[PDB]
file structure.pdb (PDB, C-alpha atoms)
ATOM      1  CA  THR A   1      84.027 108.444  74.303
ATOM      2  CA  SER A   2      87.516 109.890  74.688
ATOM      3  CA  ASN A   3      86.242 112.391  77.263
ATOM      4  CA  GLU A   4      84.689 109.704  79.444
ATOM      5  CA  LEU A   5      88.012 107.861  79.326
ATOM      6  CA  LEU A   6      89.891 110.896  80.666
ATOM      7  CA  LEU A   7      88.262 110.801  84.092
ATOM      8  CA  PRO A   8      88.724 108.549  87.127
ATOM      9  CA  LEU A   9      87.063 105.222  86.302
ATOM     10  CA  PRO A  10      85.575 102.758  88.822
ATOM     11  CA  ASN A  11      88.414 100.255  88.281
ATOM     12  CA  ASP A  12      91.247 102.812  88.180
ATOM     13  CA  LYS A  13      93.990 102.531  90.761
ATOM     14  CA  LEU A  14      94.415 105.974  92.326
ATOM     15  CA  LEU A  15      97.366 107.717  93.944
ATOM     16  CA  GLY A  16      96.729 110.834  95.998
ATOM     17  CA  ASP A  17      93.514 112.668  96.879
ATOM     18  CA  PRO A  18      90.530 111.634  94.708
ATOM     19  CA  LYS A  19      89.312 115.227  95.065
ATOM     20  CA  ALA A  20      92.614 116.893  94.166
ATOM     21  CA  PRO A  21      92.296 119.978  91.911
ATOM     22  CA  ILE A  22      94.449 118.474  89.128
ATOM     23  CA  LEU A  23      94.324 115.074  87.415
ATOM     24  CA  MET A  24      97.166 113.212  85.705
ATOM     25  CA  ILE A  25      96.534 110.018  83.755
ATOM     26  CA  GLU A  26      99.638 108.203  82.552
ATOM     27  CA  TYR A  27      99.785 105.334  80.068
ATOM     28  CA  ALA A  28     103.105 103.487  80.004
ATOM     29  CA  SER A  29     104.723 100.110  79.423
ATOM     30  CA  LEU A  30     106.646  98.781  82.415
ATOM     31  CA  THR A  31     109.448  97.582  80.095
ATOM     32  CA  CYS A  32     109.824 100.848  78.188
ATOM     33  CA  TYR A  33     113.305 102.347  78.692
ATOM     34  CA  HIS A  34     112.409 106.062  78.586
ATOM     35  CA  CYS A  35     109.427 105.298  80.810
ATOM     36  CA  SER A  36     111.745 103.719  83.356
ATOM     37  CA  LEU A  37     114.131 106.688  83.288
ATOM     38  CA  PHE A  38     111.220 109.089  83.726
ATOM     39  CA  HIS A  39     110.018 107.086  86.734
ATOM     40  CA  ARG A  40     113.509 106.924  88.220
ATOM     41  CA  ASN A  41     114.546 110.548  87.773
ATOM     42  CA  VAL A  42     111.509 112.764  87.327
ATOM     43  CA  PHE A  43     108.426 111.153  88.813
ATOM     44  CA  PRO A  44     109.618 111.034  92.438
ATOM     45  CA  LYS A  45     109.813 114.855  92.439
ATOM     46  CA  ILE A  46     106.396 115.124  90.796
ATOM     47  CA  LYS A  47     104.972 112.860  93.505
ATOM     48  CA  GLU A  48     106.608 114.834  96.325
ATOM     49  CA  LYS A  49     105.595 118.208  94.890
ATOM     50  CA  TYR A  50     102.055 117.499  93.676
ATOM     51  CA  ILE A  51     100.646 114.149  94.816
ATOM     52  CA  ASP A  52     101.794 113.945  98.432
ATOM     53  CA  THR A  53     100.705 117.579  98.797
ATOM     54  CA  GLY A  54      97.135 116.957  97.616
ATOM     55  CA  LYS A  55      97.441 119.116  94.502
ATOM     56  CA  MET A  56      97.087 116.317  91.976
ATOM     57  CA  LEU A  57      95.407 112.924  91.613
ATOM     58  CA  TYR A  58      97.560 110.386  89.740
ATOM     59  CA  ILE A  59      96.108 107.518  87.713
ATOM     60  CA  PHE A  60      98.515 105.055  86.105
ATOM     61  CA  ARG A  61      97.100 102.847  83.349
ATOM     62  CA  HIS A  62      98.955  99.872  81.891
ATOM     63  CA  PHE A  63      99.995  99.773  78.240
ATOM     64  CA  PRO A  64     101.985  96.569  77.855
ATOM     65  CA  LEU A  65     103.872  95.859  74.647
ATOM     66  CA  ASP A  66     105.483  92.487  75.292
ATOM     67  CA  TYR A  67     105.297  89.276  77.307
ATOM     68  CA  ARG A  68     107.283  90.511  80.339
ATOM     69  CA  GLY A  69     105.359  93.758  80.493
ATOM     70  CA  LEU A  70     101.961  92.146  80.214
ATOM     71  CA  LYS A  71     102.830  89.580  82.894
ATOM     72  CA  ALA A  72     104.183  92.405  85.078
ATOM     73  CA  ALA A  73     100.944  94.358  84.583
ATOM     74  CA  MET A  74      98.957  91.265  85.586
ATOM     75  CA  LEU A  75     101.124  90.793  88.678
ATOM     76  CA  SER A  76     100.451  94.389  89.775
ATOM     77  CA  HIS A  77      96.896  93.278  90.549
ATOM     78  CA  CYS A  78      98.271  91.220  93.449
ATOM     79  CA  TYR A  79      98.859  94.604  95.149
ATOM     80  CA  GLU A  80      95.630  96.096  96.488
ATOM     81  CA  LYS A  81      96.595  99.096  98.646
ATOM     82  CA  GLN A  82      97.324 102.272  96.686
ATOM     83  CA  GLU A  83     100.910 102.632  97.931
ATOM     84  CA  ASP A  84     101.638  98.912  97.429
ATOM     85  CA  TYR A  85     100.389  99.046  93.831
ATOM     86  CA  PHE A  86     102.396 102.159  92.989
ATOM     87  CA  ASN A  87     105.453 100.662  94.719
ATOM     88  CA  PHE A  88     105.189  97.482  92.685
ATOM     89  CA  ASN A  89     105.123  99.372  89.382
ATOM     90  CA  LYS A  90     107.974 101.558  90.665
ATOM     91  CA  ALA A  91     110.057  98.458  91.433
ATOM     92  CA  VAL A  92     109.470  97.021  87.956
ATOM     93  CA  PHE A  93     110.486 100.324  86.313
ATOM     94  CA  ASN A  94     113.529 100.539  88.619
ATOM     95  CA  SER A  95     114.703  97.048  87.737
ATOM     96  CA  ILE A  96     114.500  97.329  83.943
ATOM     97  CA  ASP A  97     118.197  96.359  83.475
ATOM     98  CA  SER A  98     117.472  93.036  85.193
ATOM     99  CA  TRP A  99     115.082  91.405  82.716
ATOM    100  CA  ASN A 100     116.448  88.552  80.606
ATOM    101  CA  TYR A 101     116.894  90.167  77.186
ATOM    102  CA  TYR A 102     117.632  86.841  75.510
ATOM    103  CA  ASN A 103     114.846  84.666  76.912
ATOM    104  CA  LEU A 104     111.943  87.116  76.812
ATOM    105  CA  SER A 105     109.716  84.641  78.658
ATOM    106  CA  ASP A 106     112.005  84.546  81.704
ATOM    107  CA  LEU A 107     110.088  86.110  84.632
ATOM    108  CA  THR A 108     112.849  85.725  87.249
ATOM    109  CA  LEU A 109     112.721  89.495  87.803
ATOM    110  CA  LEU A 110     109.068  89.262  88.845
ATOM    111  CA  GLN A 111     109.892  86.323  91.159
ATOM    112  CA  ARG A 112     112.514  88.540  92.790
ATOM    113  CA  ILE A 113     110.160  91.482  93.186
ATOM    114  CA  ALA A 114     107.446  89.173  94.540
ATOM    115  CA  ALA A 115     109.837  87.710  97.112
ATOM    116  CA  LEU A 116     111.051  91.142  98.222
ATOM    117  CA  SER A 117     107.417  92.139  98.784
ATOM    118  CA  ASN A 118     106.542  88.967 100.712
ATOM    119  CA  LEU A 119     104.031  87.857  98.077
ATOM    120  CA  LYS A 120     103.474  84.127  98.548
ATOM    121  CA  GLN A 121     104.120  81.772  95.634
ATOM    122  CA  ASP A 122     100.483  80.657  95.337
ATOM    123  CA  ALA A 123      99.284  84.270  95.146
ATOM    124  CA  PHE A 124     102.061  85.065  92.654
ATOM    125  CA  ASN A 125     101.099  82.128  90.438
ATOM    126  CA  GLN A 126      97.426  83.001  90.531
ATOM    127  CA  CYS A 127      98.073  86.617  89.603
ATOM    128  CA  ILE A 128     100.491  85.906  86.738
ATOM    129  CA  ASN A 129      98.030  83.442  85.203
ATOM    130  CA  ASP A 130      94.775  85.323  85.786
ATOM    131  CA  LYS A 131      93.024  85.346  82.402
ATOM    132  CA  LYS A 132      90.359  87.776  83.642
ATOM    133  CA  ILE A 133      92.991  90.348  84.592
ATOM    134  CA  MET A 134      94.890  89.800  81.349
ATOM    135  CA  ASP A 135      91.673  90.437  79.398
ATOM    136  CA  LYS A 136      90.973  93.626  81.332
ATOM    137  CA  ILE A 137      94.497  94.919  80.732
ATOM    138  CA  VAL A 138      94.521  94.253  76.983
ATOM    139  CA  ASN A 139      91.018  95.651  76.548
ATOM    140  CA  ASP A 140      91.856  98.824  78.485
ATOM    141  CA  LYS A 141      94.880  99.139  76.185
ATOM    142  CA  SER A 142      92.913  98.643  72.949
ATOM    143  CA  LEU A 143      90.310 101.149  74.183
ATOM    144  CA  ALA A 144      93.070 103.738  74.679
ATOM    145  CA  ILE A 145      94.473 103.003  71.211
ATOM    146  CA  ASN A 146      91.053 103.455  69.636
ATOM    147  CA  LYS A 147      89.729 106.427  71.606
ATOM    148  CA  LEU A 148      92.906 108.310  72.535
ATOM    149  CA  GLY A 149      95.132 107.528  69.547
ATOM    150  CA  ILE A 150      97.997 106.132  71.606
ATOM    151  CA  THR A 151     100.854 104.665  69.575
ATOM    152  CA  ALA A 152     104.034 105.375  71.527
ATOM    153  CA  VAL A 153     104.547 105.531  75.284
ATOM    154  CA  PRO A 154     104.651 107.150  77.655
ATOM    155  CA  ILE A 155     101.635 109.421  77.267
ATOM    156  CA  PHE A 156     100.287 111.803  79.916
ATOM    157  CA  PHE A 157      96.961 113.560  80.147
ATOM    158  CA  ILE A 158      96.952 116.483  82.562
ATOM    159  CA  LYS A 159      93.718 118.360  83.186
ATOM    160  CA  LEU A 160      91.392 119.807  85.796
ATOM    161  CA  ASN A 161      89.964 117.041  87.940
ATOM    162  CA  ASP A 162      86.381 117.996  87.036
ATOM    163  CA  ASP A 163      83.984 115.288  85.848
ATOM    164  CA  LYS A 164      81.608 117.816  84.269
ATOM    165  CA  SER A 165      84.022 119.371  81.765
ATOM    166  CA  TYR A 166      84.579 118.713  78.061
ATOM    167  CA  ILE A 167      88.000 119.056  76.465
ATOM    168  CA  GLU A 168      89.580 117.607  73.329
ATOM    169  CA  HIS A 169      92.046 114.954  74.467
ATOM    170  CA  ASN A 170      94.916 116.242  72.325
ATOM    171  CA  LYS A 171      94.842 119.637  74.049
ATOM    172  CA  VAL A 172      95.811 118.067  77.386
ATOM    173  CA  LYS A 173      98.168 115.433  75.997
ATOM    174  CA  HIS A 174     101.917 115.167  76.581
ATOM    175  CA  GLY A 175     104.124 112.533  75.011
ATOM    176  CA  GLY A 176     107.541 111.067  75.675
ATOM    177  CA  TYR A 177     110.237 111.845  78.217
ATOM    178  CA  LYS A 178     109.818 115.263  79.836
ATOM    179  CA  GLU A 179     112.131 116.873  82.391
ATOM    180  CA  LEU A 180     110.794 118.023  85.746
ATOM    181  CA  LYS A 181     110.574 121.704  84.742
ATOM    182  CA  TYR A 182     108.298 120.828  81.811
ATOM    183  CA  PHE A 183     105.797 119.200  84.167
ATOM    184  CA  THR A 184     106.105 121.833  86.906
ATOM    185  CA  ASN A 185     105.326 124.512  84.311
ATOM    186  CA  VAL A 186     102.262 122.663  83.003
ATOM    187  CA  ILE A 187     100.956 121.657  86.432
ATOM    188  CA  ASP A 188     101.574 124.993  88.179
ATOM    189  CA  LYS A 189      99.703 126.872  85.442
ATOM    190  CA  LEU A 190      96.772 124.458  85.555
ATOM    191  CA  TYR A 191      96.694 124.455  89.364
ATOM    192  CA  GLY A 192      96.484 128.250  89.389
ATOM    193  CA  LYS A 193      93.508 128.182  87.040
ATOM    194  CA  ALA A 194      92.009 125.393  89.156
ATOM    195  CA  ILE A 195      92.164 127.293  92.449
ATOM    196  CA  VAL A 196      90.660 130.397  90.827
ATOM    197  CA  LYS A 197      87.721 128.358  89.522
ATOM    198  CA  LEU A 198      87.334 126.592  92.875
ATOM    199  CA  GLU A 199      87.120 130.115  94.334
TER
END

call {"tool": "encode", "arguments": {"input": "structure.pdb", "output": "structure tokens"}}
result
Amino acid sequence: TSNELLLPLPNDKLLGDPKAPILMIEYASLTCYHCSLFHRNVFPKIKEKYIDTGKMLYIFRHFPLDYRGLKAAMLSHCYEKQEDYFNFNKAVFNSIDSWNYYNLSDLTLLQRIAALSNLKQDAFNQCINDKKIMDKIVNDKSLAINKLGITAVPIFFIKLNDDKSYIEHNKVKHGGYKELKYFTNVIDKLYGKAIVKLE
């Protein structure tokens, strides 16, 4: 069900306190231009204000739309620690101008990111060819399309981090590029309600 999808799942990669008052789930493609800009110019302030401070748990879920993006999503699984995983995705977003826009199968950018992160070639090769991880990524994506109605990215779901609650997914949904003030308004208001409920 859509509700069961909008909670922290066993295989989710988490950033911040698992018991934070607020939850943000983001679906995005690593090769999506607006996504990249959001991650470059808005997300760092969200992370500093809300994630580093323990106010909000952040769960990024892959939504790849092309060869580069799917391979990048697969490669992210070579990064186990929460900060390493986030930092890998951040690097891919940051380097969007550096893909090969003519040969869409050219993964030189990922080789560069792998080298900069001291990922060995054998580990790199295994990750970029891991059929089991590919399957998981594309199935998580199709599940989101079916149950959450995702067509365009990015999409954000922002809600109380309470596993017992029911809410219609569209009521907590935010789509596209949003400036910092949009998110601070949404998150501050929700956080206030959260603290009141948490006594």

call {"tool": "atom_distance", "arguments": {"input": "structure.pdb", "atom1": "atom CA of residue A:138", "atom2": "atom CA of residue A:68"}}
result
13.7 Å

call {"tool": "residues_around", "arguments": {"input": "structure.pdb", "residues": "residue A:157", "least_positions_apart": "5", "cutoff": "10 Å", "atoms": "all atoms listed in the file", "output": "PyMOL selection string"}}
result
chain A and resi 6-7+23-27+59+169-175

call {"tool": "write_last_selection", "arguments": {"input": "structure.pdb", "atoms": "C-alpha atoms", "output": "PDB file, keeping the file's coordinate frame"}}
result
ATOM      1  CA  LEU A   6      89.891 110.896  80.666  1.00  0.00           C
ATOM      2  CA  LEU A   7      88.262 110.801  84.092  1.00  0.00           C
ATOM      3  CA  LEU A  23      94.324 115.074  87.415  1.00  0.00           C
ATOM      4  CA  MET A  24      97.166 113.212  85.705  1.00  0.00           C
ATOM      5  CA  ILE A  25      96.534 110.018  83.755  1.00  0.00           C
ATOM      6  CA  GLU A  26      99.638 108.203  82.552  1.00  0.00           C
ATOM      7  CA  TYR A  27      99.785 105.334  80.068  1.00  0.00           C
ATOM      8  CA  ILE A  59      96.108 107.518  87.713  1.00  0.00           C
ATOM      9  CA  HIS A 169      92.046 114.954  74.467  1.00  0.00           C
ATOM     10  CA  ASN A 170      94.916 116.242  72.325  1.00  0.00           C
ATOM     11  CA  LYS A 171      94.842 119.637  74.049  1.00  0.00           C
ATOM     12  CA  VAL A 172      95.811 118.067  77.386  1.00  0.00           C
ATOM     13  CA  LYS A 173      98.168 115.433  75.997  1.00  0.00           C
ATOM     14  CA  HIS A 174     101.917 115.167  76.581  1.00  0.00           C
ATOM     15  CA  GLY A 175     104.124 112.533  75.011  1.00  0.00           C
TER      16      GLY A 175
END

call {"tool": "closest_residue", "arguments": {"input": "structure.pdb", "among": "A:5, A:187, A:167, A:72", "to": "residue A:105", "atoms": "only C-alpha atoms"}}
result
A:72

call {"tool": "resolve_selection", "arguments": {"input": "structure.pdb", "expression": "the PyMOL selection byres ((chain A and resi 42) around 12)", "output": "PyMOL selection string"}}
result
chain A and resi 34-41+43-49+177-184

call {"tool": "residues_near_point", "arguments": {"input": "structure.pdb", "point": "(102.0, 88.1, 84.0)", "cutoff": "9 Å", "atoms": "only C-alpha atoms", "output": "number ranges by chain"}}
result
A: 67-76, 107, 110, 125, 127-130, 134

call {"tool": "atom_distance", "arguments": {"input": "structure.pdb", "atom1": "atom CA of residue A:103", "atom2": "atom CA of residue A:80"}}
result
29.7 Å

call {"tool": "resolve_selection", "arguments": {"input": "structure.pdb", "expression": "the PyMOL selection byres ((chain A and resi 30) around 6)", "output": "PyMOL selection string"}}
result
chain A and resi 29+31-32+69+93
